[PDB]
Amino acid sequence: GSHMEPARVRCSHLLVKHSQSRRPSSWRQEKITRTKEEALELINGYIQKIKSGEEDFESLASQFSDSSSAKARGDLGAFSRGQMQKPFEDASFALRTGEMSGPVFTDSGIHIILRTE
């Protein structure tokens, strides 16, 4: 449980679009043909690889993420409350230091939350 309230939290994020997304295009893909489930498979794939030791969230959040933060390894840096979407932000505070959350469904699509701090 959360035994402390931090005003500064650092979390990295990964995002994969889906067919029902508002923007069916990205800075890497021309059209998002993959739906929720197809994107979810990728999400779980990334997570499994990281937990196994195949790769680290750095490469996934950079070369396998649509998040603009991908250029910075997918990290958002140290942010505060009222800075990110509630499902993500509230989850970040709920997570512990060094915790990688699973598939979190948000506006854009499925998000992976890695709370480093």
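I will try to describe carefully the structure that is included in this document. (Residues numbered from 1 in each chain as written, not as in the entry; some residues may be left out. Heavy atoms only, no water.)

**Points about the sheet that holds strand 3 (residues 99–105)**
Operational definition: Strands are treated as partners if at least two bridges between them are detected by DSSP. Starting at the N terminus, helices and strands are each numbered in turn, a helix being any DSSP run of H or I of at least four residues and a strand any DSSP run of E of at least two. Inter-axis angles, ranging from 0 to 180 degrees, are taken between N-to-C directions of lines fitted to C-alpha atoms, where helices are fitted over the stretch in contact. Contacts were defined at the residue level, with two residues in contact if any of their heavy atoms lie within 4.5 Å.
Read across the open sheet, the 4 strands follow the order 2-1-4-3; overall the sheet is antiparallel. Two strands bound the open sheet, and with one partner strand each, they are strand 2 (75–79) and strand 3. The mean inter-strand angle of the sheet, taken between neighbouring strand axes irrespective of direction, is 25°. Packed on one face of the sheet, helix 1 (residues 36–52) meets strand 1 (9–16), strand 3 and strand 4 (110–115) and runs near 175° to strand 3. Of the strands in this sheet, strand 1, strand 2, strand 3 and strand 4 are in contact with helix 3 (residues 86–94), which crosses strand 4 at around 25°.

**Some words on the nonpolar core**
Spelled out, the test is: Take the buried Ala, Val, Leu, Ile, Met, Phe, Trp, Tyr and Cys residues and link them wherever side-chain atoms come within 4.5 Å; each set so joined is a nonpolar core. Partly exposed describes any residue whose relative accessible area lies between the buried limit of under 20% and the exposed limit of over 50%, with all areas from a 1.4 Å probe on protein chains only and scaled to the type maximum.
Membership of the largest hydrophobic core comes to 14 residues, with the highest contact counts inside it found for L14, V16, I43, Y46, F57 and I112. The element that contributes the greatest number of residues to this core is helix 1, accounting for 6 residues. Leaving out residues up to four positions away in the same chain, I112 has contacts with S12, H13, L14, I43, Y46, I47, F57, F88, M100, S101 and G102. Residues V9, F88, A91 and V104 belong to the second largest nonpolar core, which totals 8 residues.

**Topic: the pattern of salt bridges**
Note the cut-off: In what follows, salt bridge is the name for a side-chain nitrogen of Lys or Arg lying within 4 Å of a carboxyl oxygen of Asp or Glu.
Counted according to the given criterion, the structure contains 7 salt bridges. Between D66 and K17 there is a salt bridge; the shortest N-O distance is 2.6 Å. Of this pair, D66 sits in the loop between helix 2 (57–63) and strand 2 while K17 sits in the loop between strand 1 and helix 1; the two residues are 49 residues apart in sequence, bridging distant segments of the chain. What makes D66 buried here is its relative accessible area of 13%. When its relative accessible area of 14% is taken as the criterion, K17 is described as buried. One salt bridge connects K49 with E55, and the closest N-O pair in it is separated by 2.7 Å. Residue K49 is classed as partly exposed on the basis of its relative accessible area, which comes to 32%.

**Some thoughts on the pairing of strand 3**
Relative to strand 4, strand 3 runs antiparallel, the two sharing 5 bridges. Residue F105 lies in a different strand from strand 4, and its bridge partner there is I110. The hairpin formed by strand 3 and strand 4 contains 4 residues between the paired strands.

**Focus on unusual backbone geometry**
At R73, a residue that is not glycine, the phi angle is positive and equals roughly 75°. Positionally, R73 belongs in the loop between helix 2 and strand 2.

**Some words on helix 1**
Going by this rule: To estimate how far a helix should extend, the number of its residues minus one is multiplied by 1.5 Å. Our arc is simply the arc of the directions from the helix axis toward the C-beta atoms.
The end-to-end C-alpha distance of helix 1, which contains 17 residues, comes to 24 Å, matching closely the 24 Å that a straight helix rising 1.5 Å per residue would cover. Of the positions making up helix 1, those classed as buried are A39, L40, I43, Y46, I47 and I50. On an axial view of helix 1, the arc spanned by its buried residues comes to 120°, and they lie on one face. Exposed side chains of helix 1 directed beyond 90 degrees from the buried face belong to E41, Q48 and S52. Just downstream of helix 1, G53 is the residue with a positive phi angle, here 105°.

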